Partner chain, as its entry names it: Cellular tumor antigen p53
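Given next, in structure tokens, is a single chain: the form solved without the partner chain.
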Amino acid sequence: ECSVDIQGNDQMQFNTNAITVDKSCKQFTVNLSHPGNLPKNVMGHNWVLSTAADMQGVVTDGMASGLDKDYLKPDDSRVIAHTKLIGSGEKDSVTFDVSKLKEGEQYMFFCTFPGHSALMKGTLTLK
């Protein structure tokens, strides 16, 4: 209940668009995998979390950071939690404190790979 397994395919699609984080969870974990056959330089997926208002700035500063920085600006204060950039057959997990979240606030999860954020995004809420 304090974790979720998310897949990102070769067709730039996450296998979920809504994540519910339970109230009693102290820690929340995201296990990201990548089915398919494409490398990370063309189809690298990451799971990034920020407020709805902050998403765009993270996506823009992210694309401008390059592949070596997992398409994320280093020390970006708007990023609550993030996995690394993964290619097909690779896996990565991230655990964050639920105390960094506010109940009732609109959160967005997304991939920061260039031109993929529009196709790879969804909501996260603390209920």
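Positions refer to the first chain, counted from 1.
Higher mean CA B-factor, judged across 45-53 and 69-77 from the recorded values: 69-77.
As the entry records it, the average C-alpha temperature factor is higher for 22-30, out of 89-97 and 22-30. When the Cα B-factors of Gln11, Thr112, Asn17, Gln106 are read from the PDB record, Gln106 comes out highest. Among all modelled residues in its chain, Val4 ranks in the middle third by Cα B-factor. The deposited CA B-factor of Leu124 belongs to the middle third of values across its chain.
What comes next is about the form solved in complex with the partner chain, which is not displayed.
Remark: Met43 counts among the residues lining the partner chain in the deposited bound form, judged by a heavy atom distance of 4.5 Å or less.
Heavy atoms of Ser99 never reach within 4.5 Å of the partner chain in the deposited bound form, leaving it off the interface.
Mapping the unseen interface onto this chain, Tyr71 counts among the residues with a heavy atom inside 4.5 Å of the partner chain in the deposited bound form. Heavy atoms of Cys25 never reach within 4.5 Å of the partner chain in the deposited bound form, leaving it off the interface. The partner is not shown here, and in the deposited bound form the stretch 85-112 never reaches within 4.5 angstroms of the partner chain through any heavy atom.
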